[PDB]
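Enquirer: Take this structure first; my questions come after.
Nothing in this text is a laboratory measurement; each read-out follows from the coordinates by a stated rule. Positions of Cβ are backbone-derived with ideal geometry, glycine not excepted, and every protein chain shown enters the neighbour counts.
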6 protein chains.
Amino acid sequence: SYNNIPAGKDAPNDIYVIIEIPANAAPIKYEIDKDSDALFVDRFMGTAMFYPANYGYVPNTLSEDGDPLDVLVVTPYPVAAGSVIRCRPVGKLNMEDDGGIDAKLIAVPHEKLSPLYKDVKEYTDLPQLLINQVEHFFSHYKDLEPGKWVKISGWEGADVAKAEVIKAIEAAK
Amino acid sequence: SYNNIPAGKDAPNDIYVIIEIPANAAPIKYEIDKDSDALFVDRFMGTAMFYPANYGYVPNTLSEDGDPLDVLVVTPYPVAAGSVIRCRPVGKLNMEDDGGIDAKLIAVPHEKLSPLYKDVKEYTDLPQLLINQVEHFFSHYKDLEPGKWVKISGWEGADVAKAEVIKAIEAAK
Amino acid sequence: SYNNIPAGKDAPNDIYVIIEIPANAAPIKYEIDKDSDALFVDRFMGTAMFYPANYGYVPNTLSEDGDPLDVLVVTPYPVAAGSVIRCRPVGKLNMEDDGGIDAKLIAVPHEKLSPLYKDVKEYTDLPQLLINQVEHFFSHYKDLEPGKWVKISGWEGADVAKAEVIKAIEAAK
Amino acid sequence: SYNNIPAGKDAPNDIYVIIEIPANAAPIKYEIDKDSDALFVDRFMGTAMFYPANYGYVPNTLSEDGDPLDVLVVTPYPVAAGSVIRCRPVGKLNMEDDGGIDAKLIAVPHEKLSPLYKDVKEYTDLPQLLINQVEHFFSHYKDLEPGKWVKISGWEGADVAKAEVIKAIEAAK
Amino acid sequence: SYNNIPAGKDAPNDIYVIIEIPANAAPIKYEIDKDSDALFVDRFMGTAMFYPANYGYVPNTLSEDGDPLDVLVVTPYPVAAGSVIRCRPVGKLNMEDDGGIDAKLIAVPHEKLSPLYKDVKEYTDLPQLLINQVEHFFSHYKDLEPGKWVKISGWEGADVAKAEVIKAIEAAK
Amino acid sequence: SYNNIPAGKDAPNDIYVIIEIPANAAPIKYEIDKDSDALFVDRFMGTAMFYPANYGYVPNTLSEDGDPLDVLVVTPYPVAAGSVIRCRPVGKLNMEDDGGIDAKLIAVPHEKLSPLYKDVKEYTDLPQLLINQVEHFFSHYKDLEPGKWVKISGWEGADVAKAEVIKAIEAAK
Ligand SMILES: [Mg+2]
Ligand SMILES: [Mg+2]
Ligand SMILES: [Mg+2]
Ligand SMILES: [Mg+2]
Ligand SMILES: [Mg+2]
Ligand SMILES: [Mg+2]
Ligand code: NA
Ligand code: NA
Ligand code: NA
Ligand code: NA
Ligand code: NA
Ligand code: NA
């Protein structure tokens, strides 16, 4: 089951992300049901938007919102919903919403999976337009869900994102 | 596992359906293998038809044919095979086949998932053409499987469909 | 060629729309090149958005912006880019942008093509969420194109939309 | 334009078919508008069916129904709508409908395009299930269009299909 | 879980294959993680190639390379990643690589799933071009993975492939 | 028609490419028929490969092989077959085949279409893996077409590619 997957083979530098929503997919928000391991349809998204990168969580972590830590994973082609990507954080996007504050990490595939991201050490090494798309997506994807808003605060770098992984790991135990 | 999912959060009005065949998909009939929870290919369909809505079953139910209770779930876009939709029955389609009688419920997503079906209380609140497509699909999708036929009997409403959910729940215990 | 297609078989009630961008498609903005009739890639869209309905124009019309009159056409499944839909206006969405003002009509397929929209006489007969998605899409799809903004003004009904078709037809001669 | 394409490089054995509806596609019936060469949406199909092979017509031919001669073309993967396949008839399917009688040829790609059909000389050299799917498709695809019915009469072979191509060619002049 | 699936309902003639990579899919190599049963992204493939048939393994088997026995399964349409096909071996492809030797079986769906392969008893009953595509795919798909090469040795028939299934079954206990 | 499209708005730095085969598409080789402007199926490709970038030609040019000059165009998402991309050459790939020598240019979208390639001035500014994929694709995509082989010679830069555009333009007059 998904519970058997460690937060990573090697901590913050070498982590696993279980993908719930593929990049470039239909506007269906899935979420792994923790009791059953099944992919639940959580929402048919209102806005006509798509996730600019694969979206999921690091197993065996806990964030402030009671869910595991959220991560976007950039890949050369979208991966299957429910599949698991070995990856490496390169940044952290901070935001405020209607329920306080939120954050999403961004990660790239481990070099065992692809050579394409060898030179991507910080989120600023990704295409500037991709970074803008991610900011714009999280700023607006809930605009048609009543009582929901999101304001983008700003980014922090790979080191701070990796620190967030470690904090979420300890928080889960 | 799928066995951990209850028939619903709240009985006949708020139920779960595990999707085996997405709407508008390739003509592959999948079926969840109960021993393993895996999606098995049960048949490469003979006819050049597709399911007009997502097709699956309510967990922890038992119908007359020894399988869990069958449900079609209407959604704004097809969901992933094996995913789980929180939904609400709005009708029941009765049929005769080569092995006696059969029935399929039709359901719409719970309001937590989408506002689009708030005003859909009965199957007659859905587009008349969709209802016709569903009747025509079940009437003909097995036409090229030898020894198989299906005749449509007629529809019953949301209340009777919900009664069928409760009967199938008790039958499973 | 596209120039041979009349604005419609029967004026404002029965019109043709040449689709440039299908509903639910990749974020590529095509535009028909009038000299060649070819589909040109006009822009790889910055935002992670998709058109909520098929987008195109009425041939042999002229709008204030020197291009033919713009129309969104709702269909049960997205149509091919460059294909031509016989349809009927049901509304007009007014907006302001960086270059003044703009408007988009919304239309449904002619009854010869589908019975699904027989009861859709006004844009308010469409799902309220679809209308919201259209407003939100045009409000934000150019957010990542520098120097571009759009503010939604409001909607007018089918009669006013049809009047716009007639005005654009006369303007083209 | 499509009018510039001959019925074939070499008569009945080596012909061109302009594809209007790809195999395995959404249930949208396109038709080439002869005045403009554009792909028109002719119908959003009622039944939940798909064409088992690519569907189109032989240019510069005329059938009894005032349209060019209809052909299904089997291919290893569906081709783009509006594209043109060099092919070779292998059979003719006869039917009765509400307007009298109808027929559809079936063809395979020319050996210049693929070696896969070298041994397919007659429609009976194709998979028996494919032939059944084609019969079942034409028998039922108009079941939800009011006042439409189709009854399958039977098949004739490659030679008779090729004779039909020649008759339709002469009929167009 | 996948571990609950037997190598087959009936040995070498009637076996199960868990599909990791669908036919005709994006160039993402998935692999089932045995500890968790989850689909892991193992590699974003370097070459611009796709698997000519569905790729996976027979559960409860063990090959020389410490992984379960590899099988390609031919189907009329690609199946979902992670789904399970009841099938029957028809051949065995032998190869040498950088780590010694390797082999892949090829199988067709059980007659309960489809009649299309009733007459396919040996791999030489499949289209010759498909067999060539499979040879060419395995010969070249790792060409852009550093230090990887594959040379095709040749094929053996259905009986030898079935013997390989039995050997791998005993090896797993 | 396509003949009305100039080789470019501004010569070698600002050119048009008519796409015949989209990136990441089914293995169908289309070719624009010059007499009719229609997209012809030229070949169902034997190898299980896909074009790593959109493939087409510069209108109103002539290469040594009697066809217009060939170009690969890199885009963030594949474009529709038959569509036209405003782009800019960044490199030239030289090869030998069974009929002597061949070459393919590689280009990126004009800045009016996307900001993503502003810093891509030479083919060596693209991902090294993409360049390898292109070399490997042309080296092997005809391996299963009898009597066809291709050997890669090497690359030249943007300036030489642009010189090739000018030579092909003059050659067409
Ligand atoms: Mg969260
Ligand atoms: Mg049942
Ligand atoms: Mg405009
Ligand atoms: Mg006809
Ligand atoms: Mg192996
Ligand atoms: Mg050439
Ligand atoms: Na809101
Ligand atoms: Na039957
Ligand atoms: Na802006
Ligand atoms: Na009828
Ligand atoms: Na290598
Ligand atoms: Na060869």
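Enquirer: Counting only Cβ atoms, what residue of chain E lies nearest to the axis that sends chain E onto chain C, and how many whole Å off?
Expert: Output: E:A26, 7.
Enquirer: Okay, next question. Taking the Cα atoms of chain B, what is the range of coordinates along each of the three principal axes, in descending order and whole Å?
Expert: Extents along the principal axes, in whole Å: 40, 39, 29.
Enquirer: Once every DSSP H run of n ≥ 4 in chain E is given -39500 (n - 2.57) and the sum is divided by its residues, what mean residue ellipticity at 222 nm do you get, rounded to the nearest 500 deg cm²/dmol?
Expert: -5000 deg cm²/dmol
Enquirer: Oh, and also: Run through every distinct alpha carbon pair of the protein assembly as shown and return the Kirkwood hydrodynamic radius in angstroms, one decimal place.
Expert: Over the protein assembly as shown, the inverse of the mean reciprocal pair distance is 30.3 Å.
Enquirer: Treating only the Cβ atoms of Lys and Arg (+1) and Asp and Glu (-1) as charged, compute the dipole magnitude of chain A about its Cα centre; round to the nearest 20 debye.
Expert: 460
Enquirer: Here is a further query. Label-to-label distances across copies for F:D97, with labels 7 Å out along Cα→Cβ, in nm, shortest first?
Expert: Nearest to farthest, the other copies are at 3.1, 4.2, 4.2, 5.2, 5.3 nm.
Enquirer: Taking H placed 1.01 Å from N in the peptide plane, check which residues at least 5 places from F:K148 or on another chain put their amide H under 5 Å from its amide H.
Expert: Residues meeting the criterion, in which the H sits 1.01 Å from N, do not exist here.
Enquirer: Considering only the label points, 7 Å along Cα→Cβ from Cα, what distances in nm to one decimal separate E:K9 from the same position in each other copy, shortest first?
Expert: The answer, with the shortest distance listed first, is 3.9, 3.9, 4.8, 5.2, 6.3 nm.
Enquirer: Okay, moving on. Using only C-alpha positions, report the orientation-averaged shadow area of the convex hull of the stretch A:83-145, nm², one decimal.
Expert: The Cα convex hull of the stretch A:83-145, projected and averaged over all directions, gives 5.4 nm².
Enquirer: Out of the stretch B:68-118, which trypsin sites (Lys or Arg not before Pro) are coil in DSSP terms and have no more than 16 other C-beta atoms within 10 Å?
Expert: Loop-located and lightly packed - B:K112, B:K118.
Enquirer: A further question follows. I need the shape label for the stretch A:38-104. Rule: rounded when a/c is under 1.5, else prolate if a/b > b/c, else oblate, with a, b, c from the alpha carbon gyration tensor.
Expert: Rounded, because the longest to shortest axis ratio a/c is under 1.5.
Enquirer: Same structure, new question: Where in the stretch F:100-127 does the amide nitrogen come within less than 13 Å of the point 7 Å from the Cα of F:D10, taken along Cα to Cβ?
Expert: F:110-113
Enquirer: Can you list the residues of the stretch A:67-104 with backbone N under 20 Å from a point 7 Å past the Cα of E:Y77, pointing along Cα to Cβ?
Expert: A:80-81
Enquirer: Next up: Report, as an integer, the average count of C-beta atoms from other chains found within 10 Å of each Cβ along A:78-88.
Expert: Neighbouring Cβ atoms belonging to other protein chains average 5 per residue here.
Enquirer: Which loop-located trypsin sites (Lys or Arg not before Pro) does the stretch A:23-64 contain, where loop means any DSSP state but H, G, I, E or B and the Cβ has at most 16 other Cβ atoms within 10 Å?
Expert: The qualifying sites are A:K34.
Enquirer: ³J(HN,Hα) across the stretch F:91-97 via Karplus (A = 6.51, B = -1.76, C = 1.60, θ = phi - 60°), whole Hz, x for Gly/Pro?
Expert: x, 9, 9, 9, 8, 10, 10
Enquirer: Going by a ≥ b ≥ c, the root eigenvalues of the Cα gyration tensor, does the stretch D:114-158 fall in the rounded group (a/c under 1.5), the prolate group (a/b larger than b/c) or the oblate group? Please report the intermediate quantities before stating the final value.
Expert: Details: a/c = 3.44, a/b = 2.48, b/c = 1.39.
Prolate, because a/c is 1.5 or more and a/b exceeds b/c.
Enquirer: So what are the ³J(HN,Hα) numbers for the stretch E:25-41, from phi and the Karplus equation (6.51, -1.76, 1.60; θ = phi - 60°), rounded to whole Hz, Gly and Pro as x?
Expert: Whole-Hz 3J(HN,Hα) from phi for the stretch E:25-41: 10, 4, x, 10, 8, 8, 8, 6, 7, 5, 5, 10, 6, 7, 7, 9, 6.
Enquirer: Show me, for the stretch C:76-86, the HN-Hα J-couplings you get by feeding each phi into the Karplus relation (A = 6.51, B = -1.76, C = 1.60, θ = phi - 60°), rounded to Hz, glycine and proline as x.
Expert: These are the phi-based 3J(HN,Hα) values: x, 9, x, 9, 5, 4, x, 7, 10, 10, 6 Hz.
Enquirer: Quick one: label points 7 angstrom along Cα→Cβ at E:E122, distances to the other copies in nm, smallest first?
Expert: 2.6, 5.6, 6.5, 6.5, 7.4
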